[PDB]
Amino acid sequence: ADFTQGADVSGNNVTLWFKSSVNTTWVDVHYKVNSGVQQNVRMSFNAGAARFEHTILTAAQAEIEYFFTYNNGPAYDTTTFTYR
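Residues numbered from 1 in each chain as written, not as in the entry; some residues may be left out. Heavy atoms only, no water.

(A) Molecular detail of the overall build of the protein. Each helix and strand counted, the protein has zero helices and nine strands in total. Scanning the protein from its N terminus toward the C terminus, one meets helices and strands in the order β-β-β-β-β-β-β-β-β. The globule rule puts the C-alpha radius of gyration for 84 residues at 12 Å, and the 12 Å found for the protein is close to it. Taken along its principal axes, the extent of the C-alpha atoms in the protein is 35 × 25 × 15 Å. (Helix = DSSP H or I, 4+ residues; strand = E, 2+ residues; numbered from the N terminus. Rg over C-alpha atoms; globule rule 2.2 N^0.38 Å.)

Put into structure tokens, the structure is as follows:
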């Protein structure tokens, strides 16, 4: 169930994104910013970049622990990633 993922920055905002190469229909992010309470949010689909996205305001200088849960069409968790 291959995917790619990343964190883009514009301004001070961080956009966690997740790009699927399988039959994915929704994605949630689970994240902690600066070791705070874990947030669980379902992502949006940016057709311009053909990828799922969630933007956090004013977090470019934060540290962010996150992982995705996604379906292949019955869900799957990615390993945990860090944004510096």
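(B) Spatial organisation of the packing of aromatic side chains. According to the stated counting rule, one finds nine aromatic pairs in the structure shown. Pairing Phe18 with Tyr70 gives two aromatic rings, centres 5.2 Å apart and planes at 40 degrees, and the pair type is tilted. Of this pair, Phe18 sits in strand β2 (residues 13-20) while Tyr70 sits in strand β7 (residues 64-71), and the two are 52 residues apart along the sequence. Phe18 sits in the buried class, given a relative accessible area of 0%. According to the relative accessible area criterion, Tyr70 is buried, its value standing at 5%. (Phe/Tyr/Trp six-rings, centres within 6.5 Å; stacked < 30°, edge-to-face > 60°. Buried < 20%, exposed > 50% of the residue type's maximum accessible area, 1.4 Å probe, protein only.)

(C) Spotlight on the pairing of β2. Strand direction decides the pairing type here: strand β1 (residues 3-10) and β2, joined by eight bridges, are antiparallel. Its bridge partner lying in β2, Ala7 is registered against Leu16. A loop of two residues connects β1 with β2, the two strands running antiparallel in sequence, and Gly11 in this loop sits at a positive phi of about 70 degrees. Sheet topology places β2 next to strand β6 (residues 51-56); five bridges connect them, and they run antiparallel. Counterpart to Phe18 in the pairing with β6 is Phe52. (Pairing = 2+ DSSP bridges.)

(D) Layout of the nonpolar core. If you look at the biggest cluster of nonpolar residues, it comprises 18 residues, and the most contacted ones within it are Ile64, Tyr66 and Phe68. For this core, the secondary-structure elements that each account for two or more residues are β2, β3 (27-33), β6, β7 and β9 (81-83). The greatest single-element share of this core, amounting to four residues, is contributed by β7. Ignoring anything within four residues of it in the chain, the contact list for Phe68 reads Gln5, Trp17, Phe18, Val27, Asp28, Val29, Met43, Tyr76, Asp77, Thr78 and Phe81. (Core = buried A, V, L, I, M, F, W, Y, C linked by side-chain atoms within 4.5 Å. Contact = heavy atoms within 4.5 Å.)

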